[PDB]
Structure formats: C-alpha cells, structure tokens
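Protein chains in written order, with PDB author numbering: chain L, 4 to 9, 11 to 27, 27A to 27C, 28 to 95, 95A, 96 to 106; chain A, 83 to 141, 150 to 194; chain C, 135 to 141, 150 to 194; chain H, 2 to 52, 52A, 53 to 82, 82A to 82C, 83 to 100, 100A to 100Q, 101 to 109. So the structure is just underneath, and the comments pick up after that.
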Amino acid sequence: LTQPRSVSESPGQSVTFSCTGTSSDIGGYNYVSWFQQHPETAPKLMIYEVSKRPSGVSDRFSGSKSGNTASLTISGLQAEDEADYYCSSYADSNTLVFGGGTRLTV
Amino acid sequence: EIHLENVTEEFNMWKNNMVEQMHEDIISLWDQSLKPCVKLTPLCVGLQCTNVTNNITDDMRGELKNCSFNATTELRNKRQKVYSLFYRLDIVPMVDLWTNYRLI
Amino acid sequence: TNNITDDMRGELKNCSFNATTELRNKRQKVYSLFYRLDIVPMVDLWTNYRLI
Amino acid sequence: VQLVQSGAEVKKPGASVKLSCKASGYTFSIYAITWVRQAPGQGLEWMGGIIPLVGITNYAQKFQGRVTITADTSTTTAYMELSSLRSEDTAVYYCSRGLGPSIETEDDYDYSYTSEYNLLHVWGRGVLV
Ligand SMILES: *[C@@H]1O[C@H](CO)[C@@H](O)[C@H](O[C@@H]2O[C@H](CO)[C@@H](O[C@@H]3O[C@H](CO[C@H]4O[C@H](CO[C@H]5O[C@H](CO)[C@@H](O)[C@H](O)[C@@H]5O)[C@@H](O)[C@H](O[C@H]5O[C@H](CO)[C@@H](O)[C@H](O)[C@@H]5O)[C@@H]4O)[C@@H](O)[C@H](O[C@H]4O[C@H](CO)[C@@H](O)[C@H](O)[C@@H]4O[C@H]4O[C@H](CO)[C@@H](O)[C@H](O)[C@@H]4O)[C@@H]3O)[C@H](O)[C@H]2NC(C)=O)[C@H]1NC(C)=O
Ligand SMILES: *[C@@H]1O[C@H](CO)[C@@H](O[C@@H]2O[C@H](CO)[C@@H](O)[C@H](O)[C@H]2NC(C)=O)[C@H](O)[C@H]1NC(C)=O
Ligand SMILES: *[C@@H]1O[C@H](CO)[C@@H](O)[C@H](O)[C@H]1NC(C)=O
Ligand SMILES: *[C@@H]1O[C@H](CO)[C@@H](O)[C@H](O)[C@H]1NC(C)=O
C-alpha cells in the first residue's frame, strides 16, 4: 500500500487525494480506512470503511473507492486540516496495512 | 452354475441395468451407514492455523497446518481448546482478523 | 417506511434480529419484513415481537 | 473511552520492554485492543491486537515472534511485551480500541463474533520507546 507523499492546493479550495494497491488490499473486501494525524497527537479515525464517518467530524470527509484505488475529498478546506492523512486497509493473510502518509499543507 | 450348450446370447454391457442397481444400492447403503453417526456441525468454526514445526521436506511445505479451534464439550455451558493437524486440502482461507481458516 | 394506505396500517412490520451463520460463533444482524399475523407481541428491553 | 498509557522509557541495545494500556469507560471484555507503531518519522505499522475475554491474537508477519500482547480483564488493562528491540525502530507506540464489539456475549460467556474489521477507533495517546 502506497500513496502520494504530499498535496497542497490552497486555503478554501477543496482537495482530493488517494491511495493505491492491488486487489487483495483495496479492490475487494470493501474495508478501507483513513486517518487524520495532527502532529504530536493520536490519529483520528475519519472515514470508517468506504464513505462513512465517526460522529463529530465536520463536513463528513466523505470518500470513495474505484478499482484498486481509494480516495477522499476534503470540501471547504481550512487551516485546521494541516495534518498527515494515512490510508489503511485489510490485506490478505488476515492482516492490516498502512500507507506512508500524505502531508496536507493547505 | 449351469453351462448352456448350443446357446448363443446377445449381451450389451452398456444397456445392463445391473450397474444402475448396484450404483443406487451402494449410494443408499453408504448414506444409511453414514446417517447414524456423529455430526461435526459444532466444528464449523474459525481456526488459527500456523506452520508445522516438524522437519518438513521440500514437497510437503504448505500441505499441513497446525490449527487451533475452540470447540464444545459434553456440557453446554463450557468449551475447550483443540489443537489439531489438518491437511491444507481440508481447510480454506477465510476473511477475518482473528482466525485464518475454516473447514472446507 | 414505504407508502401504505389506512387499511394496511400495522399490517406489515420491519423487524431486525440477530441470526446465526454457517459459523457457530459468528452471528449476523438481519432485517426482514414480516406480516403482523406472523408475529406476536413480546416485551423485553431490546425486543418487541417474536414469531407466533 | 479512556485509554491511559504507561511505560515510555527508551532503553539501550539488548533491552526488552512491557508497556500497558489501562482502559475505562466501556465494557472492557468485549472490545478489541490493538497496537500501532509510529516508526521513527515513518508511516504506521500494525503490531497486533487482542480480544480480552477470549484472549486471541493475530500478530503481524514481521512481529510474529517478538511481540506478546496480553490482557487482564480483572484490572481492565492490556499489556504488550516487546522482546529483542535493541536500538532499532525507536518509535511512539499507540493503543487503539475497536469501533464496536468484536464478540458479543448475550449472557454468560457465549462470545459470538460480529465481523467488525474497523478495530482502530478511540485512538489513545502514545508512549515514546
Ligand atoms: C479459545 O479460547 C481461549 C479462551 O481464553 C483462548 O485463550 C484461545 O486462544 C488463545 O490464543 C492466543 C493466540 O491468538 C494465545 O495467545 C498467546 O498467549 C501467550 C501468553 O500465554 C500466557 O498468558 C495467557 C493470558 O495472559 C495471562 O497471564 C499473563 C501473565 O503474564 C498476564 O499478564 C495476563 O493478564 C493474563 O492473566 C494465558 O492464558 C496463558 O495460559 C495458557 O498457557 C499456559 C502455558 O503457557 C497453560 O498452562 C495454561 O493452561 C493456558 O493454556 C499463558 O499464561 C503468548 O505468549 C503468545 O505469544 C507467544 O507466541 C506467539 C506465537 O506466534 C509469538 O508470536 C509471541 O511473540 C509469543 O512468543 C514469544 O514470546 C517471547 C516474549 O516476547 C519471545 O521472546 C519469544 O520469541 C516467543 O516466541 C500468544 O499471544 C492465548 O494464549 C490462547 N489462550 C489459551 C488459553 O490457550 C482460544 N483459541 C482459539 C483457537 O480461538
Ligand atoms: C427496514 O429497516 C432497515 C433497517 O433495519 C432499513 O434499512 C435502512 O434503510 C435506509 C433507508 O434510507 C438506509 O439508508 C440504511 O442504510 C438501511 N440500513 C440497512 C442496515 O440496510 C430498510 O430500508 C427498512 N425497510 C423498509 C421497507 O422500511
Ligand atoms: C501444534 O501446536 C501445539 C502448541 O502447543 C503443539 O503442542 C502441537 O504439538 C503442535 N502440533 C504439531 C503437529 O506441530
Ligand atoms: C508457512 O509456509 C508457507 C509456505 O509458502 C509460507 O508462505 C509461510 O510464510 C510460512 N509461515 C511461517 C510462519 O513459517
């Protein structure tokens, strides 16, 4: 499992980003999770499996999945979203995997 | 066994209904023998399977798994742990985080 | 939650329950529509009806 | 939903550690507790996890001989023992809770799994080791 290292865009401009892999990591099973880790604090669960949300998350942070690539759109990007966005998923041999983390600079 | 002199008889082994009767009889006998026996319904559970720790030759790698599965007991309020050695053909991978295989 | 007439109010219910699976130690939440005649009231903390 | 970590000592080569994750605010015995390694400025790596009541683990392929996750349901504390760390992979270790119950005892200890694969919620703070 991999993902782009960083993305920028600009304040106020909705930003999208994705993670990629094979059929055994993202394509099947429909269990792709995303985390927002601010510096010096625990990652916060954001998307649950594809397109869901643990309550308390502003503007849903709704995502999507197509093929073997999963992605999310941050609508109404603010300064508070300057965080490391991690992709994780269920991988075969009954394990979990994580991506390298996407740095959003806003 | 009585030999029939001067008798010619036309045979056809592919129209012989004795084979169909033998087939049906063996199926029925097998099913009747198997019916009054122990059912393994309680053993259809997830198993944690690992590699066998004995000396495995080059051809036997992946053919056997050392699996562990909680099971049932004579009483209904208790359980138990049953390590057992299965052939890879007898188990299939499942989608889970805690168990690895199911019985086929 | 579908559109019904007055004559069918309470006739059909949307009932959820925990059903078993092929695995003995793995249940599954289910949701099924039942006719009111096929269920009977049964009061509990988390349940309302059982099969007649 | 309170996870309080204990043990944050960086040790010399040859050392081994035991870290603990005290839990409260939820039914301890029916939720999974998992461990995630931050890695020294790298991405996350899954270490393993446990269901306290049953006591079943699924250590990853790289940690399948080193890590030893256990749990104590009488004190509602999860433990992780890390052998042969030496000085490699110095990292912040995090304790996480399942999103929902994994097992689900109706009454007595008839556990019954619930096919929940979102075992990374209420992500507690970490300890630098
Ligand atoms: C069916 O239901 C059962 C209901 O409980 C359930 O337990 C059972 O399956 C369980 O399966 C998991 C694996 O998924 C087993 O996990 C292993 O646990 C080992 C620790 O066992 C010890 O602790 C258990 C609980 O901890 C109590 O005690 C500690 C004391 O320190 C305390 O801190 C805790 O709070 C708890 O009170 C306890 O149950 C064990 O007792 C069993 O075993 C003893 C014999 O040892 C026996 O007499 C008892 O009767 C009882 O059966 C025991 O005290 C743990 O070490 C394992 O991890 C080792 O092995 C794996 C293998 O890959 C390695 O990856 C690990 O790294 C580690 O080995 C390495 O450890 C060293 C230290 O790091 C390294 O240096 C070295 O490299 C080693 O290789 C597992 O986590 C769990 O025990 C097991 N439960 C039982 C009861 O058997 C269910 N089964 C199924 C199929 O679902
Ligand atoms: C019966 O109840 C189930 C829930 O138990 C309904 O399923 C939900 O329907 C809504 C409709 O907006 C969906 O958004 C949810 O995602 C559904 N949930 C599940 C778990 O399926 C179902 O629609 C109900 N049916 C009727 C006819 O009322
Ligand atoms: C399987 O593992 C158990 C663990 O105690 C061991 O006792 C048993 O002998 C092992 N079986 C095989 C076939 O390796
Ligand atoms: C068990 O053997 C299979 C055979 O390919 C191998 O892929 C797997 O990694 C082995 N596992 C262990 C724990 O030795």
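Just so it is clear, CB atoms sit at the ideal spot from N, CA and C, and this is done for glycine as well.
Three or more pairs of CB atoms, one per stretch, sit closer than 8 Å, so the segment 173-181 of chain A contacts the segment 126-135 of chain A. One thing to note: residue 80 of chain L has its Cβ within 8 Å of the Cβ of residue 15 of chain L. For ligand 3, a non-hydrogen atom lies closer than 7 Å to the CB of residue 156 of chain A. Under the three-state reduction of DSSP, residue 156 of chain A is assigned to strand.
Straight through space, the alpha carbons of residue 186 of chain A and residue 56 of chain L are spaced by roughly 26 Å. Taking C-beta separations shorter than 7 Å and ignoring five residues to either side along the sequence, the partners of residue 153 of chain A in its chain run 177 and 178, following chain order. The alpha-carbon of residue 156 of chain A is positioned some 16 Å away from that of residue 65 of chain H. Interface residue (Cβ-Cβ distance to chain C less than 8 Å): residue 73 of chain H is not classified as such. For residue 90 of chain H, the shortest C-beta to heavy atom distance toward ligand 1 is 7 Å or greater. The alpha-carbon separation between residue 78 of chain L and residue 91 of chain L amounts to approximately 28 Å.
At least one CB atom of chain A sits nearer than 8 Å to the CB of residue 95 of chain L. If you compare the alpha carbons of L/88, L/95, L/93 and L/12 with that of residue 49 of chain L, the shortest gap goes to L/88. Taking a Cβ-Cβ threshold of 7 Å, none of the residues of chain H is close to residue 193 of chain A; the smallest such distance is about 16 Å.
The residue from L/43, L/95A and L/62 with its alpha-carbon nearest to that of residue 57 of chain H is L/95A.
At a threshold of 7 Å, residue 133 of chain A does not count as near ligand 2, since its beta carbon sits no closer than that to any of the ligand's heavy atoms. Contact check for residue 5 of chain H and residue 23 of chain H: beta-carbon distance about 4 Å, within the 8 Å limit, so the pair qualifies. Taking CB atoms only, residue 127 of chain A has a neighbour in chain C less than 8 Å away. Secondary-structure assignment with DSSP links residue 103 of chain H through no beta bridge to anything. DSSP places residue 188 of chain A outside any alpha helix (DSSP H), giving it a letter other than H or E.
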